[PDB]
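So basically every Cβ, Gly included, is an ideal-geometry build from the backbone, and we count neighbours across all protein chains shown. Every number here is computed from the coordinates shown, using simple stated rules; none is lab data.
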Amino acid sequence: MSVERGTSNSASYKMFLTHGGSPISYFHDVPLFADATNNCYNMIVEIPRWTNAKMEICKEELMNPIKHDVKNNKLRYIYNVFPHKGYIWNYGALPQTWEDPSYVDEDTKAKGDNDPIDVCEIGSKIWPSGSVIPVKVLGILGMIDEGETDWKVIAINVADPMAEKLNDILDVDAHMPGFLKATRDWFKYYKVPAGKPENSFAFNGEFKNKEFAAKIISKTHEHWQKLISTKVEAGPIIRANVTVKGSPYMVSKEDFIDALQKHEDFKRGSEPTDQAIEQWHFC
Amino acid sequence: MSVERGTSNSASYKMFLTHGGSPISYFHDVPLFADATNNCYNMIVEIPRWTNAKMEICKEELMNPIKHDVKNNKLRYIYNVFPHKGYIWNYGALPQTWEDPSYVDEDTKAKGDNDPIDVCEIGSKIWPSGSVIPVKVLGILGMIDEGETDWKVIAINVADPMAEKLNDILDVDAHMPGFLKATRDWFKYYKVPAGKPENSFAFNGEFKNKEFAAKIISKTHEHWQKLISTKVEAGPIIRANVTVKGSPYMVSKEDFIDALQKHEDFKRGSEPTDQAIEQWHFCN
Ligand SMILES: [Co+2]
Ligand SMILES: [Co+2]
Ligand SMILES: [Co+2]
Ligand SMILES: [Co+2]
Ligand SMILES: [Co+2]
Ligand SMILES: [Co+2]
Ligand SMILES: [Co+2]
Ligand SMILES: [Co+2]
């Protein structure tokens, strides 16, 4: 169960995860694997398909709620780059992973974007923000965002009917012609209508298969494990707090169990809508 | 002002147009020109951009309300055909026009689809169903929809900031690269997930400029003028009815306001849908 606080469509909006009416961290307290190494991962859905609001798990706040990303001091909405409407997958991230910013990847030759590893979920169901769902990984794209390592995992909700026919990245291309290309294009151009340069990619933009994913994911999990393990070491501004026992059990940054500070601002529905939710950009 | 009755997301949903608390016909009573042969047309918006529900003016019901299309005894929803999400324009129609089903067009060599002429409005704003919008025409696509003439006007809302950097169809291609092709693709494949064939096109798919467009529109207007022109001829099923106390000239099908007298159902809010409002279908 997830719960909401503050006023929606504003900076004061926060969404926390709970278990048993008791808050846990989206970042740290959700296991990376839903089911063993039977290649079933937990995905945190930040952004529903065909939506424009850039929701993110917040690293800088206690319990790591999902909140609106902000730019300029305004709520951030991504652009519609023709022919796409908003995010064209359910977009989010794998818990207990970290794109380490002091670590250079030999294949992107860049450092990490300081956030959990990103996921694009491609099932037909539109998942609401804050959902936690089990996914099979199919492959991965080596995005170099604004000069930072920004791997994008390709995955599908394991209860989707296509999950059976889709076992590796090649299957995706056979059943979804044009989909992989549109996906590269999306990440390539999506900041151009903000005046930002085109993004680039590792391996000349080649989607790598599910075996090369898993390995990359496991690496980001090790970094997360190091960030949490102990490393009693200031990784500026990320709050590493985590709860119950175990969860994570070894961590120095553990505590138990907050509850009290989960008292921020009772929720309130609000004035919706603002920016370029509506406009088409041609890039 | 538009006014609603019946239960939404159901077959009993009906949206009527009124002026001054008095209903008028979406089909017959909204003038085709918002501003004479000063370049400007009225468009009835049936379908907001990026929605899937197929709303349309009802032709067979008094006052011609907008309602859900229905096939196989359930509400009709359009497929998402990759990479598009529902309708990729505000979709609708020009009032007082008619693709005459007894009329064969020299360029499509086919008869009309018995509906008013269709419009794709391409401005930024997403318009709710039932809106009536002043638009400038930029071009036309000669679509043959399952064998019926089904011209699709390309137009833009005159208050959109693009409204004229865009003066003709060639300007659309310049500022919106890919848009025209994606638009023909949409109409080509949109019934393929239903098992139906690909649609085809007049002039091998060519978008014709606005001068050609306005010519076709006039023709569809002259047909509507014949349908309504007191023409005492039973091509109904279509209700040619008009109003008001000074609306459609001296159409035989005008009346007083028996239209107000039609009280029905009263509005009601209802459960959402499910089907494949969500699903992606893939056809090149
Ligand atoms: Co970020
Ligand atoms: Co992210
Ligand atoms: Co990024
Ligand atoms: Co990232
Ligand atoms: Co029709
Ligand atoms: Co129509
Ligand atoms: Co049609
Ligand atoms: Co039609």
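So the values come out like this:
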{"quantity": "Residue match in segment A:129-141 (condition: more than 14 Å from chain B (Cβ to nearest Cβ), within 16 Å of ligand 3 (Cβ to nearest atom) and buried (at least 21 other Cβ atoms within 10 Å of the Cβ))", "calculated": "yes"}
{"quantity": "Residue check, residue B:217 away from every other protein chain (no Cβ under 14 Å), of a type outside the set (S, T, N, Q) and surrounded by 16 or more Cβ atoms within 10 Å (Cβ to Cβ)", "calculated": "yes"}
{"quantity": "Single residue of B:90, B:167 found to be within 16 Å of ligand 6 (Cβ to nearest atom) and of a type in the set (S, T, N, Q)", "calculated": "B:90"}
{"quantity": "Residue that is surrounded by the fewest Cβ atoms within 10 Å (Cβ to Cβ) [pool: residues in segment B:50-75 that are more than 15 Å from the chain's Cα centre (by Cα) and either closer than 16 Å to residue B:114 by Cα or within 16 Å of ligand 3 (Cβ to nearest atom) (or both)]", "calculated": "B:60"}
{"quantity": "Count of residues meeting criterion [within 16 Å of ligand 3 (Cβ to nearest atom), within 22 Å of residue A:186 (Cα to Cα) and touching a residue at least 60 places away in the same chain (Cβ under 8 Å)] in segment A:91-120", "calculated": "9"}
{"quantity": "Single residue of segment B:186-204 satisfying the filter (assigned to a helix (DSSP H, G or I) and without any contact (Cβ under 8 Å) to a residue 60 or more places away in the chain) that is farthest from the other protein chains (Cβ to nearest Cβ)", "calculated": "B:204"}
{"quantity": "Among residues of segment B:104-125, those that are under 20 Å from residue B:180 (Cβ atoms), among the polar types (S, T, N, Q) and within 13 Å of ligand 7 (Cβ to nearest atom), counted", "calculated": "1"}
{"quantity": "Whichever residue in segment A:236-247 is among the small types (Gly, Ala, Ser) and buried (at least 16 other Cβ atoms within 10 Å of the Cβ) and, among such residues, is farthest from the chain's Cα centre (by Cα)", "calculated": "A:247"}
{"quantity": "Any hit, segment A:28-47, residues being closer than 24 Å to residue B:125 by Cβ and within 15 Å of ligand 2 (Cβ to nearest atom)", "calculated": "yes"}
{"quantity": "Hey, residue B:99 within 15 Å of the chain's Cα centre (by Cα), within 15 Å of ligand 6 (Cβ to nearest atom), of a type in the set (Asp, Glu) and within 14 Å of chain A (Cβ to nearest Cβ) or not", "calculated": "no"}
{"quantity": "Single match in B:47, B:140 (criterion: within 16 Å of ligand 8 (Cβ to nearest atom), within 24 Å of residue B:188 (Cβ to Cβ), over 13 Å from the mean Cα position of the chain (by Cα) and not polar (S, T, N, Q))", "calculated": "B:140"}
{"quantity": "Meets criteria (in contact with a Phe, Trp or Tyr (Cβ under 9 Å, 6 or more places away or on another chain) and away from chain B (no Cβ under 14 Å)) for residue A:281", "calculated": "no"}
{"quantity": "Residue A:104 being closer than 22 Å to residue A:236 by Cβ and among the aliphatic types (A, V, I, L, M)", "calculated": "yes"}
{"quantity": "Where residue B:92 falls short, out of the listed (1) assigned to a loop (DSSP other than H, G, I, E, B); (2) over 30 Å from residue A:89 (Cβ atoms)", "calculated": "(1)"}
{"quantity": "Restricting segment A:102-128 to residues that are more than 14 Å from chain B (Cβ to nearest Cβ) and of a type in the set (D, E, K, R), the residue that is farthest from residue A:203 (Cα to Cα)", "calculated": "A:115"}
{"quantity": "Selection count, segment A:62-77, where residues are part of a loop (DSSP other than H, G, I, E, B) and either acidic (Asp, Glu) or touching a strand residue (DSSP E or B) at 6+ places or on another chain (Cβ under 8 Å) (or both)", "calculated": "5"}
{"quantity": "The one condition in (1) aliphatic (A, V, I, L, M); (2) away from every other protein chain (no Cβ under 14 Å); (3) farther than 21 Å from residue A:123 by Cβ; (4) touching a residue at least 60 places away in the same chain (Cβ under 8 Å) that residue A:70 fails to fulfil", "calculated": "(4)"}
{"quantity": "Which numbered condition residue B:170 misses (of (1) surrounded by fewer than 16 Cβ atoms within 10 Å (Cβ to Cβ); (2) away from chain A (no Cβ under 14 Å); (3) touching a residue at least 12 places away in the same chain (Cβ under 8 Å); (4) assigned to a loop (DSSP other than H, G, I, E, B))", "calculated": "(4)"}
{"quantity": "Qualifying residue in segment A:112-134 (condition: more than 13 Å from ligand 2 (Cβ to nearest atom) and over 30 Å from residue A:4 (Cα atoms))", "calculated": "no"}
